[PDB]
């Protein structure tokens, strides 16, 4: 009615075939055009190569789109950063003003769950920002996942955020958190965060069985699977931390706040590391798409 679902996604959902939701803010605010389009195409190709149907979610001319046509992807990507970064709380406004919106994890969660997609691949999830006891700056991603029964496939949480506090917040929100094939919770750019994972899963089939259980119980809280970036693609943790500290200070000084903050910080860290962090970001999203697609296929086979 209000939501436009692509034929291919619509067909897969009707037949119980694997579908993987994808967000669009990485396209609009994660990298420049046409690299953004290239990375988005590659991710969707990895999803299809591993047996799932990719469902990139966005809002175009006020219409929520679940699954984008090639034309729509190209159009969105070419708009670049002029597209509105759209969290869940922004959806109604972008719809009402007939605008274009690139959806974050919290908005993408909402639409994916709405149409019955169970697996959502992202790069990293928002979290508790550093010094949140002074700011209370905490991503709506965490509350959204706490009340949306969907599995988010991430590479953990970036060190621009407070990882230990983000893990505590997720526990309080009743989100099941598990690291993939590791006892150590990953830190996005780097495989190791310094925090033990609260739980562990060792295969795509293991992940699918937890999701299946969650669905059967009708629990209204979600799941975060954290897939460590492949060791060969992991960025040096001292280079990342040094760039991160500088970026955080610059954000504070230039009064970058609210939803402008994460995009500002990730872009600055990429500048400061001469491209190394963006390259790792691209690597982990591709790895997440691979594992995420395998989970969705396993889940489809269970059901």
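Numbering follows the first chain given and starts at 1.
For the two regions 80-88 and 138-146, the entry's Cα B-factors average higher over 80-88.
Looking at mean Cα B-factors across 125-133 and 89-97, the upper value is held by 125-133. In the deposited coordinates, the residue among 170, 160, 227, 112 with the greatest CA B-factor is 160. Highest C-alpha temperature factor among 210, 153, 197, 175 per the entry: 197.
The entry lists a Cα temperature factor for residue 64 that places it in the lowest third of the chain's modelled residues. Remark: residue 2 belongs to the highest third of its chain, ranked by C-alpha B-factor as recorded. Among the modelled residues of its chain, residue 201 has a C-alpha B-factor that falls in the middle third according to the deposited record. The PDB entry assigns residue 20 a C-alpha temperature factor belonging to the middle third of its chain's modelled residues. Per-chain ranking of the deposited C-alpha B factor places residue 291 in the middle third.
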